[PDB]
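Participant: model the structure of this input:
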Amino acid sequence: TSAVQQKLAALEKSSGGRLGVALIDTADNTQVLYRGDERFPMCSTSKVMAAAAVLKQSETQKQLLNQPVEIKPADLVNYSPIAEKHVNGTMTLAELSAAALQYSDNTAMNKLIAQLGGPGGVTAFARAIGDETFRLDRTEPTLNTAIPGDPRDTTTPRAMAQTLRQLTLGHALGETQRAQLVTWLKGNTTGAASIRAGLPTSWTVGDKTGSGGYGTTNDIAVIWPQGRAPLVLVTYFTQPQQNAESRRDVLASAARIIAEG
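Facilitator: Residues are numbered from 1 along each chain as shown. I have put the structure below:
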């Protein structure tokens, strides 16, 4: 095992849980993988795939992002701080994408899922860009149960890093859609204690966090250092106790290990 993998294994051992890491260095396509082919519950990191799938639709439906969507009282689920402000009103699909990505708004995610025809519409987009691993099976909030061994609503670090690369640095999306996704990720408000906390401040970061049952604590990021090619980093973490607490410190520490390696 490499030096970095020894440090990640030690971090995991210290943590009591299960850690998954995938790094892509786009300079030379080198990768660092830790449990890179194990499945992990995505929780809200799946919002990136839903937002990207709606962006893909907007490549042919030119004004789709401006379309109003009703927010009805029966639509509101927990952890919907933006949608709650628009009950009995509307939000555009752009506004719902921003809320889902930057505030992890769950009702916003459900509106993205509905726009795609159900969870199968999100999985379909993953398959269409070559991701054979991602699967979305449930809506919010039940997609966050994060039950050990449950394949529903999971992906692997290897697959999610590759997909995040294609969505943000590659050409899975059109140029303007990709730029929009990148802006949204860079503007995330929920990530200050996760990957960002372990990286040099001179590096520009866009990310999406996730959290759920079994203390599941996730973050997926695209990273732009000054003077070297960008990186993609996925950090997934989950724990043995159903009621376990969040461990964003593990994601900050995994990021620090990767960058210093």
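
Participant: can you list contacts of the helix or strand hosting residue 13?
Facilitator: Using DSSP states H and E, residue 13 sits in helix 3-15. By C-beta atoms under 8 Å, 6 or more residues apart in numbering, the surrounding residues in contact with helix 3-15 are 1, 18-19, 21, 32, 34, 237, 247, 250, 253-254, 257-258, 261. C-betas here are computed from N, CA, C, even on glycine.

Participant: from what I can see residue 177 touches residue 60, true?
Facilitator: No. Judged on C-beta atoms under 8 Å, residue 177 makes no contact with residue 60 at a distance of 11.1 Å.

Participant: the more surrounded of the two?
Facilitator: Neighbour count, other C-beta atoms under 10 Å: between residue 177 and residue 60, residue 177 has more, with 20 against 8.

Participant: part of a helix, is the more buried one?
Facilitator: Yes. Assessed with DSSP: H, G, I helix; E, B strand; the rest coil, residue 177 lies in a helix.

Participant: for the residue lying closest to residue 46 once chain neighbours are set aside, give me its contacts.
Facilitator: Of all residues not flanking residue 46 in the chain, residue 136 sits nearest, at 5.6 Å (C-beta to C-beta, 6 or more residues apart in numbering). By C-beta under 8 Å, 6+ apart, the contact set of residue 136 is 42, 46, 49, 50, 113, 119, 120, 122, 123, 126, 143, 153.

Participant: from those, which land in strands?
Facilitator: Using DSSP state E, no member of these sits in strands.

Participant: filter these down to the buried ones, ChimeraX style.
Facilitator: Restricted to buried positions by 16 or more other C-beta atoms under 10 Å, the ChimeraX selection for the contacts of residue 136 reads:
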select :42,46,49,50,113,119,122,123,126,143,153
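
Participant: give me the number of residues near residue 76?
Facilitator: 15.

Participant: helices along the protein, start to end?
Facilitator: Applying DSSP state H to the chain gives helices spanning 3-15, 47-58, 93-103, 106-115, 119-128, 157-168, 175-186, 248-260.

Participant: pull out the buried positions in the first one.
Facilitator: It stands for helix 3-15. Within helix 3-15, the residues scored as buried using 16+ other C-beta under 10 Å are 4, 7, 8, 11, 12, 15.

Participant: determine which two of the residues you listed are furthest apart.
Facilitator: Greatest spatial distance in those: 4 and 15, 16.2 Å, computed using C-beta to C-beta.

Participant: need the contact list for the closest residue to residue 101 other than its chain neighbours.
Facilitator: Excluding the flanking residues, the one nearest residue 101 by C-beta to C-beta, 6+ apart is residue 184, at 4.5 Å. Counting by C-beta under 8 Å, 6+ apart, residue 184 touches 51, 97, 98, 101, 102, 206.

Participant: distance check, residue 184 against residue 65.
Facilitator: Distance from residue 184 to residue 65, counting by C-beta to C-beta, to the nearest Å: 11 Å.

Participant: mutual contacts of those two, please.
Facilitator: Common contacts of residue 184 and residue 65 (C-beta under 8 Å, 6+ apart): residue 97.

Participant: count the neighbours of residue 232 for me.
Facilitator: Using other C-beta under 10 Å, residue 232 is surrounded by 24 other residues.

Participant: quick check: bridge partners of it?
Facilitator: Under DSSP bridges, the beta-bridge partners of residue 232 are residue 24, residue 222.

Participant: gap between it and residue 217?
Facilitator: Taken as C-beta to C-beta, the span from residue 232 to residue 217 is 19 Å.

Participant: with residue 143 instead?
Facilitator: 16 Å.

Participant: look up how far residue 55 lies from the spatially most central residue of the chain.
Facilitator: The residue lying closest to the centre of the chain (C-alpha atoms, centre = their mean) is residue 45, at 2.6 Å. With the distance defined as C-beta to C-beta, residue 45 ends up 16 Å from residue 55.
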